[PDB]
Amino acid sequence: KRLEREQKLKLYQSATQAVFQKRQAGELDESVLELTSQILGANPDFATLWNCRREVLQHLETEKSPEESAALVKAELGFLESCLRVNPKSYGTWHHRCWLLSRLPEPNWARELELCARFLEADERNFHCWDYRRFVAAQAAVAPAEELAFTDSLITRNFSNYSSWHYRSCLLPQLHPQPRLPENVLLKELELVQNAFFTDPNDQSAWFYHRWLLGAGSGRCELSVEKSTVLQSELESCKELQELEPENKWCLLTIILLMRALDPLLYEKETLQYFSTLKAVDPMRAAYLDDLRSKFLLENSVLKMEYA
């Protein structure tokens, strides 16, 4: 194994050396594409070599036929996909694909969306691939509603959902674009997320998203009968989960946040009790929880002082 590393080094170094020499010479040709393909396969974070490929492809575009240039582009797509299979988390490789697709006369965006779906099957948290999917969605003018359906299938079929919930948080406002979601939409989202965290109470992503939904409302004194009833129902359901999972800190925090959403002063006693339980359960966050409790006690004093 050791001897072969010295074998790879010298080949890597000699190829690298050869590419640089060719570049100063102004030899923007296929020999460079050959040499870089060897190096970029093992080492896709070597950015200057991606720059070299672009300079060669740009130069060849001028002194080749449409059919020859089309062939070069198809070869490039294949090279990129092979590089991505080996290292799907390289900035340079994903950027070169974007650079390439952005300059094509007739890019096949549907094929690119399918590439994204396949890579997201392999790693549902690959942010490079989610970012690329957004790029393709924009370029192909794919509507928020279609992307919303994609996220749904991804959330129910398995876990590793933080990236999918995040995408939803960005897509929902676009379906209802204001210069703070509508209540009907919010209620559906609450139902969807509540299913998520009662299915897997250890999935932190649903709890983080739920905290956002609890803020995306119109106020506690503006609580409709339906939203009031839904939040009270969540509250009792969380207490249920708390008996099943007494070490589950997410459910305890969410109970506190729900009581805040419902009636700060009426639930003051219970809120303080829950802070004591939560700190016992999640000791590393004790400093955070004390600052949150202090903030809530301060809000309560201001609410009490507003009394006529």
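Don't overthink the numbering: it's just position in the shown sequence, from 1.
Averaged over CA atoms, B-factors in the entry run higher in 103 to 111 than in the other of 127 to 135 and 103 to 111. Looking at mean Cα B-factors across 165 to 173 and 152 to 160, the upper value is held by 152 to 160. Note on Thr254, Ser65, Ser276, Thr36: the highest value goes to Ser65, judged by CA B factor as recorded.
For the set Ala75, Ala122, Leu213, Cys221, the PDB entry puts the maximum C-alpha B factor at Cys221. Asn184: CA B factor lies in the highest third for its chain, per the PDB record. Sort the chain's modelled residues by C-alpha temperature factor and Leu190 lands in the middle third, per the entry. Ranked by Cα temperature factor within the chain, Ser294 sits in the lowest third according to the deposited record. In this PDB entry, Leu40 carries a Cα temperature factor that places it within the middle third of its chain's modelled residues.
Looking at the C-alpha B-factors along this chain, the one for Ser90 belongs to the lowest third.
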